[PDB]
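Quick look at entry_9.csv (CSV, N, CA and C atoms and all ligand atoms):
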```csv
chain,number,residue,atom,x,y,z
A,1,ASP,N,32.5,106.0,99.3
A,1,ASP,CA,32.8,105.3,98.1
A,1,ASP,C,33.5,106.1,97.1
A,2,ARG,N,34.2,105.5,96.2
A,2,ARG,CA,35.0,106.2,95.1
A,2,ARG,C,34.6,105.9,93.7
A,3,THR,N,33.8,104.8,93.5
A,3,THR,CA,33.6,104.4,92.1
A,3,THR,C,32.8,105.4,91.3
A,4,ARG,N,31.8,106.0,91.9
A,4,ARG,CA,31.0,107.0,91.2
A,4,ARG,C,31.9,108.2,90.9
A,5,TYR,N,31.7,108.8,89.7
A,5,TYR,CA,32.4,110.0,89.3
A,5,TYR,C,31.6,111.2,89.5
A,6,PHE,N,32.3,112.3,89.9
A,6,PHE,CA,31.6,113.6,90.1
A,6,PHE,C,32.1,114.6,89.2
A,7,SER,N,31.2,115.3,88.5
A,7,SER,CA,31.6,116.3,87.5
A,7,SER,C,31.8,117.7,88.0
A,8,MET,N,31.6,117.9,89.3
A,8,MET,CA,31.8,119.2,89.9
A,8,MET,C,33.2,119.6,89.7
A,9,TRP,N,34.2,118.7,89.9
A,9,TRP,CA,35.6,119.0,89.9
A,9,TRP,C,36.4,117.9,89.2
A,10,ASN,N,35.8,117.2,88.3
A,10,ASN,CA,36.5,116.2,87.5
A,10,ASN,C,37.0,115.0,88.4
A,11,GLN,N,36.1,114.6,89.3
A,11,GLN,CA,36.5,113.6,90.3
A,11,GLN,C,36.2,112.2,89.7
A,12,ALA,N,37.3,111.5,89.4
A,12,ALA,CA,37.2,110.2,88.8
A,12,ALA,C,38.6,109.6,88.9
A,13,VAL,N,38.7,108.3,89.4
A,13,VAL,CA,40.0,107.7,89.7
A,13,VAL,C,40.5,107.0,88.4
A,14,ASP,N,41.8,106.7,88.4
A,14,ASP,CA,42.3,105.9,87.3
A,14,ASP,C,41.9,104.5,87.4
A,15,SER,N,41.5,103.9,86.3
A,15,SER,CA,40.9,102.5,86.3
A,15,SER,C,41.7,101.7,85.2
A,16,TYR,N,41.6,100.4,85.3
A,16,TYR,CA,42.1,99.5,84.3
A,16,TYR,C,41.4,98.2,84.5
A,17,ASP,N,41.0,97.6,83.4
A,17,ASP,CA,40.5,96.2,83.4
A,17,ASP,C,41.5,95.3,84.0
A,18,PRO,N,41.1,94.3,84.8
A,18,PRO,CA,42.1,93.3,85.3
A,18,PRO,C,42.5,92.3,84.3
A,19,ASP,N,41.7,92.0,83.3
A,19,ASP,CA,42.1,91.0,82.3
A,19,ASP,C,43.4,91.5,81.6
A,20,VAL,N,43.4,92.8,81.3
A,20,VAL,CA,44.6,93.3,80.6
A,20,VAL,C,45.9,93.0,81.4
A,21,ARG,N,45.9,93.2,82.7
A,21,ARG,CA,47.1,93.0,83.5
A,21,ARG,C,47.3,91.5,83.7
A,22,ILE,N,46.3,90.7,83.9
A,22,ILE,CA,46.4,89.3,84.0
A,22,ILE,C,45.3,88.6,83.2
A,23,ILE,N,45.7,87.8,82.2
A,23,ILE,CA,44.7,87.2,81.3
A,23,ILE,C,44.3,85.8,81.9
A,24,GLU,N,43.1,85.4,81.5
A,24,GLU,CA,42.6,84.1,81.8
A,24,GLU,C,42.2,83.4,80.5
A,25,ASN,N,43.2,82.8,79.9
A,25,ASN,CA,43.1,82.3,78.5
A,25,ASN,C,42.3,81.0,78.5
A,26,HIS,N,41.0,81.1,78.6
A,26,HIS,CA,40.2,79.8,78.6
A,26,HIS,C,40.4,79.1,77.2
A,27,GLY,N,40.5,79.9,76.1
A,27,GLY,CA,40.6,79.4,74.8
A,27,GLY,C,39.5,80.0,73.9
A,28,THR,N,38.6,79.1,73.4
A,28,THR,CA,37.5,79.6,72.6
A,28,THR,C,36.5,78.5,72.5
A,29,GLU,N,35.5,78.7,71.7
A,29,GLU,CA,34.5,77.7,71.4
A,29,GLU,C,34.5,77.5,69.9
A,30,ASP,N,35.3,76.6,69.4
A,30,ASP,CA,35.6,76.4,68.0
A,30,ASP,C,34.7,75.3,67.4
A,31,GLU,N,33.5,75.2,67.9
A,31,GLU,CA,32.6,74.1,67.4
A,31,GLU,C,32.0,74.6,66.0
A,32,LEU,N,31.0,73.9,65.6
A,32,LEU,CA,30.6,73.7,64.2
A,32,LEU,C,30.9,75.0,63.4
A,33,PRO,N,31.7,74.9,62.4
A,33,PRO,CA,32.3,76.1,61.8
A,33,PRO,C,31.3,77.0,61.0
A,34,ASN,N,31.8,78.1,60.5
A,34,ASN,CA,30.9,79.0,59.8
A,34,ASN,C,31.4,79.0,58.3
A,35,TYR,N,30.5,79.7,57.5
A,35,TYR,CA,30.8,79.7,56.1
A,35,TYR,C,30.2,80.9,55.4
A,36,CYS,N,30.8,81.3,54.2
A,36,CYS,CA,30.3,82.3,53.4
A,36,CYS,C,29.8,81.7,52.1
A,37,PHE,N,28.9,82.3,51.4
A,37,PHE,CA,28.2,81.7,50.3
A,37,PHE,C,28.0,82.7,49.2
A,38,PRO,N,27.7,82.3,48.0
A,38,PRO,CA,27.5,83.2,46.8
A,38,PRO,C,26.2,84.0,47.0
A,39,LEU,N,26.2,85.2,46.5
A,39,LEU,CA,25.1,86.2,46.8
A,39,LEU,C,23.8,85.7,46.2
A,40,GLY,N,23.9,84.9,45.1
A,40,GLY,CA,22.7,84.3,44.6
A,40,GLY,C,22.4,83.0,45.2
A,41,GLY,N,23.3,82.4,46.0
A,41,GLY,CA,23.1,81.1,46.7
A,41,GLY,C,23.5,79.9,45.9
A,42,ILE,N,23.8,80.0,44.6
A,42,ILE,CA,24.2,78.9,43.7
A,42,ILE,C,25.5,79.3,43.1
A,43,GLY,N,26.5,78.5,43.3
A,43,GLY,CA,27.9,78.9,42.8
A,43,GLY,C,27.9,79.1,41.3
A,44,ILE,N,27.8,78.0,40.5
A,44,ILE,CA,27.6,78.1,39.1
A,44,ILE,C,26.8,76.9,38.6
A,45,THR,N,25.7,77.2,37.9
A,45,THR,CA,24.9,76.2,37.3
A,45,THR,C,25.5,75.8,35.9
A,46,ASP,N,24.9,74.8,35.3
A,46,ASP,CA,25.5,74.4,34.0
A,46,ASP,C,24.4,74.0,33.1
A,47,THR,N,24.1,75.0,32.2
A,47,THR,CA,23.0,74.7,31.3
A,47,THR,C,22.8,73.3,31.0
A,48,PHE,N,21.6,72.8,31.0
A,48,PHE,CA,21.3,71.4,30.6
A,48,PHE,C,20.0,71.4,29.8
B,1,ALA,N,31.9,78.5,29.9
B,1,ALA,CA,32.8,79.5,29.2
B,1,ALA,C,33.1,80.7,30.1
B,2,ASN,N,32.0,81.3,30.6
B,2,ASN,CA,32.2,82.5,31.5
B,2,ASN,C,31.5,82.1,32.8
B,3,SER,N,32.1,82.6,33.9
B,3,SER,CA,31.5,82.5,35.2
B,3,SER,C,32.2,83.4,36.2
B,4,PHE,N,31.9,83.3,37.5
B,4,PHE,CA,32.6,84.1,38.5
B,4,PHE,C,34.0,83.6,38.6
B,5,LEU,N,34.3,82.4,38.2
B,5,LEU,CA,35.6,81.8,38.4
B,5,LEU,C,36.2,81.2,37.2
B,6,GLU,N,35.3,81.0,36.2
B,6,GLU,CA,35.8,80.4,34.8
B,6,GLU,C,36.8,81.4,34.2
B,7,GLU,N,36.6,82.7,34.5
B,7,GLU,CA,37.6,83.7,34.0
B,7,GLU,C,38.3,84.4,35.2
B,8,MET,N,38.5,83.7,36.3
B,8,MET,CA,39.2,84.3,37.4
B,8,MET,C,40.4,83.4,37.8
B,9,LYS,N,40.3,82.1,37.4
B,9,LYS,CA,41.4,81.2,37.7
B,9,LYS,C,42.5,81.3,36.6
B,10,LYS,N,43.4,80.4,36.6
B,10,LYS,CA,44.5,80.4,35.6
B,10,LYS,C,44.0,80.2,34.2
B,11,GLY,N,44.5,81.0,33.3
B,11,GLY,CA,44.1,80.9,31.9
B,11,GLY,C,44.7,79.7,31.2
B,12,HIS,N,43.9,78.7,30.8
B,12,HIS,CA,44.4,77.5,30.2
B,12,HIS,C,43.5,77.1,29.0
B,13,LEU,N,44.1,76.8,27.9
B,13,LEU,CA,43.4,76.4,26.7
B,13,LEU,C,42.6,75.1,26.8
B,14,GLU,N,43.1,74.3,27.8
B,14,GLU,CA,42.4,73.1,28.2
B,14,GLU,C,41.3,73.4,29.2
B,15,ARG,N,40.5,74.5,29.0
B,15,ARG,CA,39.5,74.9,30.0
B,15,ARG,C,38.4,75.8,29.3
B,16,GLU,N,38.7,77.0,28.9
B,16,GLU,CA,37.7,78.0,28.4
B,16,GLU,C,37.3,77.7,26.9
B,17,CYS,N,38.2,78.1,26.0
B,17,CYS,CA,37.9,78.0,24.6
B,17,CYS,C,38.0,76.6,24.0
B,18,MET,N,36.9,75.8,24.1
B,18,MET,CA,36.9,74.5,23.6
B,18,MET,C,35.5,73.9,23.5
B,19,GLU,N,34.6,74.0,24.5
B,19,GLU,CA,33.3,73.3,24.6
B,19,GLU,C,32.1,74.2,24.6
B,20,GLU,N,32.2,75.4,24.2
B,20,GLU,CA,31.0,76.3,24.1
B,20,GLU,C,30.9,77.1,22.8
B,21,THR,N,31.2,78.4,22.8
B,21,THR,CA,31.3,79.2,21.7
B,21,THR,C,32.7,79.7,21.4
B,22,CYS,N,33.4,80.0,22.4
B,22,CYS,CA,34.8,80.5,22.3
B,22,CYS,C,34.7,81.8,21.5
B,23,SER,N,34.0,82.8,22.0
B,23,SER,CA,33.7,84.0,21.2
B,23,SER,C,35.0,84.8,20.9
B,24,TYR,N,35.8,85.1,21.9
B,24,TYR,CA,37.0,85.9,21.7
B,24,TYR,C,37.9,85.9,22.9
B,25,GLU,N,39.2,86.2,22.6
B,25,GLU,CA,40.2,86.5,23.7
B,25,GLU,C,40.6,85.3,24.5
B,26,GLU,N,39.7,84.4,24.8
B,26,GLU,CA,40.1,83.2,25.6
B,26,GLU,C,41.0,82.3,24.7
B,27,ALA,N,41.2,82.6,23.4
B,27,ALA,CA,42.2,81.9,22.6
B,27,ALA,C,43.4,82.8,22.6
B,28,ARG,N,43.3,84.0,23.0
B,28,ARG,CA,44.4,84.9,23.1
B,28,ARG,C,45.0,85.0,24.5
B,29,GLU,N,44.2,84.9,25.5
B,29,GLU,CA,44.6,85.0,26.9
B,29,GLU,C,45.7,83.9,27.2
B,30,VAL,N,45.4,82.7,26.8
B,30,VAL,CA,46.3,81.5,27.1
B,30,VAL,C,47.7,81.7,26.6
B,31,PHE,N,47.9,82.5,25.6
B,31,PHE,CA,49.2,82.6,24.9
B,31,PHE,C,49.7,84.1,25.1
B,32,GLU,N,48.8,85.0,25.3
B,32,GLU,CA,49.1,86.5,25.3
B,32,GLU,C,49.8,86.7,23.9
B,33,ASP,N,49.0,86.7,22.8
B,33,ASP,CA,49.5,86.8,21.5
B,33,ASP,C,48.4,87.1,20.5
B,34,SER,N,48.3,88.3,19.9
B,34,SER,CA,47.3,88.7,19.0
B,34,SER,C,47.7,88.4,17.5
B,35,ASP,N,48.6,87.4,17.3
B,35,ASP,CA,49.0,87.1,15.9
B,35,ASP,C,48.1,86.1,15.3
B,36,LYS,N,48.0,84.9,15.9
B,36,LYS,CA,47.0,83.9,15.5
B,36,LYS,C,45.7,84.0,16.2
B,37,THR,N,45.3,85.2,16.7
B,37,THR,CA,44.1,85.4,17.4
B,37,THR,C,42.9,85.2,16.4
B,38,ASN,N,42.9,85.7,15.2
B,38,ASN,CA,41.8,85.5,14.3
B,38,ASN,C,42.3,84.7,13.1
B,39,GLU,N,43.3,83.9,13.3
B,39,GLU,CA,43.8,83.0,12.2
B,39,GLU,C,43.6,81.5,12.7
B,40,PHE,N,42.8,81.3,13.7
B,40,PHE,CA,42.7,80.0,14.4
B,40,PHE,C,41.3,79.9,15.1
B,41,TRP,N,40.8,81.1,15.6
B,41,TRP,CA,39.5,81.1,16.2
B,41,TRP,C,38.4,80.8,15.2
B,42,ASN,N,38.6,81.1,13.9
B,42,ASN,CA,37.7,80.7,12.9
B,42,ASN,C,37.5,79.1,12.8
B,43,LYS,N,38.4,78.4,13.4
B,43,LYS,CA,38.4,76.9,13.3
B,43,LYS,C,37.9,76.3,14.6
B,44,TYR,N,36.9,76.9,15.2
B,44,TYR,CA,36.3,76.4,16.4
B,44,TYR,C,35.0,75.6,16.1
B,45,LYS,N,34.2,76.0,15.1
B,45,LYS,CA,32.9,75.4,14.8
B,45,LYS,C,32.9,74.4,13.6
B,46,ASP,N,33.4,74.9,12.5
B,46,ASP,CA,33.2,74.3,11.2
B,46,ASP,C,34.4,73.5,10.7
B,47,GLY,N,35.5,73.5,11.5
B,47,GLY,CA,36.7,72.7,11.1
B,47,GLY,C,37.7,73.6,10.3
B,48,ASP,N,38.9,73.0,10.0
B,48,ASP,CA,39.9,73.8,9.4
B,48,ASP,C,39.7,74.0,7.9
B,49,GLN,N,40.5,74.9,7.3
B,49,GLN,CA,40.3,75.2,5.9
B,49,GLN,C,41.6,75.2,5.1
B,50,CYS,N,42.8,75.3,5.7
B,50,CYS,CA,44.0,75.3,5.0
B,50,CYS,C,44.7,73.9,5.1
B,51,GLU,N,44.1,72.9,5.8
B,51,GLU,CA,44.7,71.6,5.9
B,51,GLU,C,44.7,70.8,4.6
B,52,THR,N,43.9,71.2,3.7
B,52,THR,CA,43.9,70.6,2.3
B,52,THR,C,45.0,71.1,1.5
B,53,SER,N,45.6,72.3,1.8
B,53,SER,CA,46.5,73.0,1.0
B,53,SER,C,45.9,73.2,-0.4
B,54,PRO,N,44.9,74.1,-0.5
B,54,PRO,CA,44.3,74.3,-1.9
B,54,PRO,C,45.3,74.8,-2.8
B,55,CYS,N,46.3,75.6,-2.4
B,55,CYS,CA,47.3,76.2,-3.2
B,55,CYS,C,48.3,75.0,-3.6
B,56,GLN,N,48.4,74.8,-4.9
B,56,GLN,CA,49.4,73.9,-5.4
B,56,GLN,C,50.6,74.6,-5.9
B,57,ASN,N,51.6,74.0,-6.6
B,57,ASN,CA,52.8,74.6,-7.1
B,57,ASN,C,53.6,75.3,-6.0
B,58,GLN,N,53.6,74.6,-4.9
B,58,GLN,CA,54.4,75.2,-3.7
B,58,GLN,C,53.9,76.6,-3.3
B,59,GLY,N,52.6,76.6,-3.0
B,59,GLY,CA,52.0,77.9,-2.6
B,59,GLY,C,51.4,77.8,-1.1
B,60,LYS,N,51.7,78.8,-0.3
B,60,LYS,CA,51.3,78.8,1.1
B,60,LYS,C,49.9,79.3,1.2
B,61,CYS,N,49.3,79.0,2.4
B,61,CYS,CA,47.9,79.2,2.7
B,61,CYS,C,47.8,80.3,3.8
B,62,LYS,N,46.6,80.9,3.7
B,62,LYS,CA,46.3,81.9,4.8
B,62,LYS,C,44.8,81.9,5.0
B,63,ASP,N,44.4,81.8,6.3
B,63,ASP,CA,43.0,81.6,6.6
B,63,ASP,C,42.3,82.9,6.9
B,64,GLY,N,41.1,83.1,6.3
B,64,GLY,CA,40.3,84.3,6.6
B,64,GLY,C,38.9,83.8,7.0
B,65,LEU,N,38.1,84.7,7.6
B,65,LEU,CA,36.8,84.3,8.1
B,65,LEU,C,35.8,84.3,7.0
B,66,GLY,N,36.0,83.3,6.1
B,66,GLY,CA,35.1,83.0,5.0
B,66,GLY,C,35.8,82.7,3.7
B,67,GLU,N,37.0,83.2,3.4
B,67,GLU,CA,37.7,83.0,2.2
B,67,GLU,C,39.2,82.7,2.5
B,68,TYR,N,39.8,82.0,1.6
B,68,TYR,CA,41.2,81.5,1.8
B,68,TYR,C,42.1,82.3,0.8
B,69,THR,N,43.3,82.7,1.3
B,69,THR,CA,44.3,83.4,0.5
B,69,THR,C,45.4,82.3,0.2
B,70,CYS,N,45.7,82.3,-1.1
B,70,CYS,CA,46.8,81.4,-1.6
B,70,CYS,C,47.9,82.2,-2.2
B,71,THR,N,49.1,82.1,-1.5
B,71,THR,CA,50.3,82.8,-1.9
B,71,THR,C,51.1,81.9,-2.8
B,72,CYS,N,51.2,82.2,-4.1
B,72,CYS,CA,52.0,81.5,-5.0
B,72,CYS,C,53.2,82.4,-5.4
B,73,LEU,N,54.3,81.7,-5.8
B,73,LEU,CA,55.5,82.4,-5.9
B,73,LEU,C,55.6,83.2,-7.2
B,74,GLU,N,56.7,83.8,-7.5
B,74,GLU,CA,56.9,84.7,-8.6
B,74,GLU,C,56.5,84.1,-9.9
B,75,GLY,N,55.6,84.7,-10.6
B,75,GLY,CA,55.0,84.2,-11.9
B,75,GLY,C,53.9,83.2,-11.7
B,76,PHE,N,53.6,82.9,-10.4
B,76,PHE,CA,52.5,81.9,-10.1
B,76,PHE,C,51.5,82.7,-9.3
B,77,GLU,N,50.2,82.5,-9.6
B,77,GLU,CA,49.1,83.1,-8.9
B,77,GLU,C,47.9,82.2,-9.0
B,78,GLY,N,46.7,82.6,-8.5
B,78,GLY,CA,45.5,81.9,-8.6
B,78,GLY,C,44.7,81.9,-7.3
B,79,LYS,N,43.4,81.6,-7.4
B,79,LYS,CA,42.6,81.5,-6.2
B,79,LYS,C,43.1,80.4,-5.3
B,80,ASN,N,43.5,79.3,-5.9
B,80,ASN,CA,44.2,78.2,-5.2
B,80,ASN,C,45.5,77.8,-6.0
B,81,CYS,N,46.2,78.9,-6.4
B,81,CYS,CA,47.3,78.7,-7.4
B,81,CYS,C,46.9,78.0,-8.6
B,82,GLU,N,45.7,78.4,-9.1
B,82,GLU,CA,45.0,77.7,-10.2
B,82,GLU,C,45.2,78.5,-11.6
C,101,CA,CA,35.6,75.1,31.3
C,102,CA,CA,42.2,82.2,27.4
C,103,CA,CA,39.9,81.8,28.5
```
Rewrite the structure of this file - the entire thing - as structure tokens.
Ligand SMILES: [Ca+2]
Ligand SMILES: [Ca+2]
Ligand SMILES: [Ca+2]
Amino acid sequence: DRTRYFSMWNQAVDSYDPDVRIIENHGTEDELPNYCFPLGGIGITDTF
Amino acid sequence: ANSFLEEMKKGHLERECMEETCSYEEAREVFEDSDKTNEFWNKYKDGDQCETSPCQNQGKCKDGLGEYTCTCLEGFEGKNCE
């Protein structure tokens, strides 16, 4: 086998992820969106 | 008057200095002009003071935070050109 690397003499083969060479663009999961909010949780109250 | 966005959006006189205290600058921001900054902000709570033209005999008016200046011409003077 070749996959395991050996540190006796720097034995390790050149590797590359396959997705880089060929992509499989499924898309994404763009369902229920996300949001950011004020640090106190209330935007602006109005004295009443 | 003041908020995270009340003083972050566009400066408009039809927004900040009108319905609260209008302490300062928000009457100067809209115009970028320190000339009528304190000759108009005195007229936010109690109403105007020179609209009556207390100075007669063709005398101009000047508004101060409590008292009124009446400029009367050569040989004319007075607290209200009086
Ligand atoms: Ca406002
Ligand atoms: Ca302003
Ligand atoms: Ca303002």
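Residues of chain B carrying a DSSP assignment of strand (DSSP E), computed from the backbone, are residues 60, 61, 62, 63, 68, 69, 70 and 71 of chain B.
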Give me, as a count of residues only, the contact residues of chain B against chain A at a cut-off of 8 Å, counting all atoms listed in the file.
3
Å distance separating atom CA of ligand CA 101 (chain C) from CA of residue 1 (chain B), one decimal place
5.6 Å
Using only N, CA and C atoms and all ligand atoms, which residues of the polymer chains come no farther than 8 Å from ligand CA 103 (chain C)? I'd like the answer as number ranges by chain.
B: 1, 6-7, 10-13, 15-17, 24-30
Spatial neighbours of residue 80 (chain B), 10 Å, only C-alpha atoms, chain gap at least 5 places, as a PDB file with N, CA and C atoms, keeping the file's coordinate frame:
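The result, stored in around-v1.pdb:
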```
ATOM      1  N   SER B  53      45.600  72.300   1.800  1.00  0.00           N
ATOM      2  CA  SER B  53      46.500  73.000   1.000  1.00  0.00           C
ATOM      3  C   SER B  53      45.900  73.200  -0.400  1.00  0.00           C
ATOM      4  N   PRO B  54      44.900  74.100  -0.500  1.00  0.00           N
ATOM      5  CA  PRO B  54      44.300  74.300  -1.900  1.00  0.00           C
ATOM      6  C   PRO B  54      45.300  74.800  -2.800  1.00  0.00           C
ATOM      7  N   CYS B  55      46.300  75.600  -2.400  1.00  0.00           N
ATOM      8  CA  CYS B  55      47.300  76.200  -3.200  1.00  0.00           C
ATOM      9  C   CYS B  55      48.300  75.000  -3.600  1.00  0.00           C
ATOM     10  N   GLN B  56      48.400  74.800  -4.900  1.00  0.00           N
ATOM     11  CA  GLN B  56      49.400  73.900  -5.400  1.00  0.00           C
ATOM     12  C   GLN B  56      50.600  74.600  -5.900  1.00  0.00           C
ATOM     13  N   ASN B  57      51.600  74.000  -6.600  1.00  0.00           N
ATOM     14  CA  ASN B  57      52.800  74.600  -7.100  1.00  0.00           C
ATOM     15  C   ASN B  57      53.600  75.300  -6.000  1.00  0.00           C
ATOM     16  N   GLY B  59      52.600  76.600  -3.000  1.00  0.00           N
ATOM     17  CA  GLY B  59      52.000  77.900  -2.600  1.00  0.00           C
ATOM     18  C   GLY B  59      51.400  77.800  -1.100  1.00  0.00           C
ATOM     19  N   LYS B  60      51.700  78.800  -0.300  1.00  0.00           N
ATOM     20  CA  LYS B  60      51.300  78.800   1.100  1.00  0.00           C
ATOM     21  C   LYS B  60      49.900  79.300   1.200  1.00  0.00           C
ATOM     22  N   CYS B  61      49.300  79.000   2.400  1.00  0.00           N
ATOM     23  CA  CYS B  61      47.900  79.200   2.700  1.00  0.00           C
ATOM     24  C   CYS B  61      47.800  80.300   3.800  1.00  0.00           C
ATOM     25  N   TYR B  68      39.800  82.000   1.600  1.00  0.00           N
ATOM     26  CA  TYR B  68      41.200  81.500   1.800  1.00  0.00           C
ATOM     27  C   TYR B  68      42.100  82.300   0.800  1.00  0.00           C
ATOM     28  N   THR B  69      43.300  82.700   1.300  1.00  0.00           N
ATOM     29  CA  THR B  69      44.300  83.400   0.500  1.00  0.00           C
ATOM     30  C   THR B  69      45.400  82.300   0.200  1.00  0.00           C
ATOM     31  N   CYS B  70      45.700  82.300  -1.100  1.00  0.00           N
ATOM     32  CA  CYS B  70      46.800  81.400  -1.600  1.00  0.00           C
ATOM     33  C   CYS B  70      47.900  82.200  -2.200  1.00  0.00           C
ATOM     34  N   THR B  71      49.100  82.100  -1.500  1.00  0.00           N
ATOM     35  CA  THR B  71      50.300  82.800  -1.900  1.00  0.00           C
ATOM     36  C   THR B  71      51.100  81.900  -2.800  1.00  0.00           C
ATOM     37  N   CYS B  72      51.200  82.200  -4.100  1.00  0.00           N
ATOM     38  CA  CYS B  72      52.000  81.500  -5.000  1.00  0.00           C
ATOM     39  C   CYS B  72      53.200  82.400  -5.400  1.00  0.00           C
TER      40      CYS B  72
END
```
Taken to one decimal, the CA of residue 18 (chain B)-CA of residue 37 (chain A) distance is 29.0 Å
Restricting the calculation to only N, CA and C atoms and all ligand atoms, which member of B:33, B:8, B:19, B:45 is positioned closest to ligand CA 101 (chain C)?
B:19
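Of note, atom N of residue 41 (chain A) and atom N of residue 9 (chain B) are spaced 19.1 Å apart.
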Just need region 9-23 of chain A in a file, please: N, CA, C and O atoms, as a compact mmCIF listing (two decimals), in the first residue's frame.
```
# COMPACT_ATOMS: atom_id res chain seq x y z
N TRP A 9 12.06 8.32 5.79
CA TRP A 9 12.70 8.95 4.65
C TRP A 9 11.73 9.84 3.88
O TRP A 9 11.83 9.94 2.65
N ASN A 10 10.79 10.46 4.58
CA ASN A 10 9.87 11.43 3.97
C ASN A 10 9.06 10.77 2.86
O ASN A 10 8.88 11.33 1.77
N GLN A 11 8.56 9.57 3.13
CA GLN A 11 7.83 8.79 2.14
C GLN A 11 6.37 9.19 2.18
O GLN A 11 5.63 8.82 3.10
N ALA A 12 5.93 9.96 1.18
CA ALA A 12 4.54 10.38 1.07
C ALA A 12 4.30 10.88 -0.34
O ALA A 12 5.10 11.66 -0.87
N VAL A 13 3.22 10.42 -0.95
CA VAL A 13 2.96 10.67 -2.36
C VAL A 13 2.24 11.99 -2.53
O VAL A 13 1.65 12.54 -1.58
N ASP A 14 2.28 12.53 -3.74
CA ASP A 14 1.53 13.73 -4.06
C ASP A 14 0.04 13.42 -4.14
O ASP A 14 -0.37 12.46 -4.79
N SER A 15 -0.76 14.25 -3.48
CA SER A 15 -2.20 14.04 -3.38
C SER A 15 -2.93 15.29 -3.84
O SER A 15 -2.36 16.39 -3.88
N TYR A 16 -4.20 15.11 -4.20
CA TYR A 16 -5.07 16.23 -4.54
C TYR A 16 -6.51 15.77 -4.40
O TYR A 16 -6.85 14.66 -4.81
N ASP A 17 -7.33 16.62 -3.81
CA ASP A 17 -8.75 16.30 -3.72
C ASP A 17 -9.35 16.20 -5.11
O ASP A 17 -9.00 16.99 -5.99
N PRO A 18 -10.25 15.25 -5.35
CA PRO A 18 -10.86 15.14 -6.68
C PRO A 18 -11.84 16.26 -6.99
O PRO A 18 -11.97 16.64 -8.16
N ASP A 19 -12.52 16.80 -5.98
CA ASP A 19 -13.49 17.86 -6.24
C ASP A 19 -12.82 19.06 -6.90
O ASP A 19 -13.41 19.70 -7.77
N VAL A 20 -11.59 19.36 -6.50
CA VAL A 20 -10.87 20.47 -7.12
C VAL A 20 -10.77 20.26 -8.63
O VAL A 20 -11.08 21.15 -9.42
N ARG A 21 -10.36 19.06 -9.04
CA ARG A 21 -10.18 18.84 -10.47
C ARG A 21 -11.52 18.76 -11.18
O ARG A 21 -11.68 19.29 -12.28
N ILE A 22 -12.50 18.10 -10.57
CA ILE A 22 -13.84 18.00 -11.13
C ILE A 22 -14.84 18.30 -10.03
O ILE A 22 -14.87 17.60 -9.02
N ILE A 23 -15.66 19.32 -10.24
CA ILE A 23 -16.63 19.75 -9.25
C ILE A 23 -17.94 19.02 -9.49
O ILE A 23 -18.26 18.61 -10.61
```
